[PDB]
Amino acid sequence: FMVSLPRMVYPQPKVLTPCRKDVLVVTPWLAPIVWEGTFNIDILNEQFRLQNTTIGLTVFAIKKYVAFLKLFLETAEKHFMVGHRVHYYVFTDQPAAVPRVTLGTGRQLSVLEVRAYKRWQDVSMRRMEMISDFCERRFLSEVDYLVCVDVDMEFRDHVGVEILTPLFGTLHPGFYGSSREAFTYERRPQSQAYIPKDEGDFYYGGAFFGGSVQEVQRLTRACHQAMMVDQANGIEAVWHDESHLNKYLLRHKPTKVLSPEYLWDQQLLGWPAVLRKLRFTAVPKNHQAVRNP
């Protein structure tokens, strides 16, 4: 049950004025595509705070990637769901290396110790299994929504309740303007992640997805089960968990899609005019070195 919003003064929506003239703001299945200019955050904050919404944020920091936690968490404190209840879940093989970051009121952090796989591909892929497992261990009783992100990132601007919905994916910053033929889906029919050249809505990034706990558990269980089928068949999808996420979200359409404001790499892509805000961005990195002993 939802109580009534209080009286609020804000600009009237303009029925005969598009909120964006340069981008698609709704998918063909009527899911909003979240860009700056599409939402009034004051209305949304009221709606979600009147439900005392709690957001869980999962992040994996395994092996050398513990080095990214301090900036990740500091900047999440500035920009992620401020004003709402937040529960960070840091999955790591090195509990003692988690930095002591000062948290605002109503925000808490749990360290979840997990094993480290040797190959970065397996570390990345086994997040699905690990998130799925903890949906029973903790998440269903502790949070309303889960947001599942890469750690080698920082928040630069607001990431708030405008993202929350039963199931969301994020447009990958390398492909948002691309034709579906150019998307790097898995193209081998032998893999469970296979998507034909004439199928696909978007290329979603594996580095930022989420939803209600129930929908995230479904997604993560399905992707883990598909990756186990592939393993038994001797195939590993071209882009690992991201390939399986794309297969899942083709077949199970998300109820919101986040624009690349929410998943960006300024070193590789700059700051195009179509991005009014750069919210969550890659940290400069030496891929080989940091993924390797």
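Residue positions are given as counts along the sequence shown, with the first one as 1.
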Can you let me know which of the two, 45-53 or 31-39, has the higher average C-alpha B-factor in the entry? 45-53
Per the PDB entry, mean CA B-factor is higher for 88-96 or 134-142, namely for 134-142
Looking at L245, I235, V26, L258, which has the highest Cα B-factor in the entry? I235
Out of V213, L167, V114, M81, which shows the largest CA B-factor listed in the entry? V114
Chain third (lowest, middle, highest) by recorded CA B-factor, residue given as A182: highest
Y204: which third of its chain by C-alpha temperature factor? lowest
Here the Cα B-factor of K277, set against its chain, lands in the third termed middle
By its CA B factor, does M228 count among the lowest, middle or highest third of the modelled residues in the chain? highest
Taking the entry's C-alpha B-factors for this chain, is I195 in the lowest, middle or highest third? middle
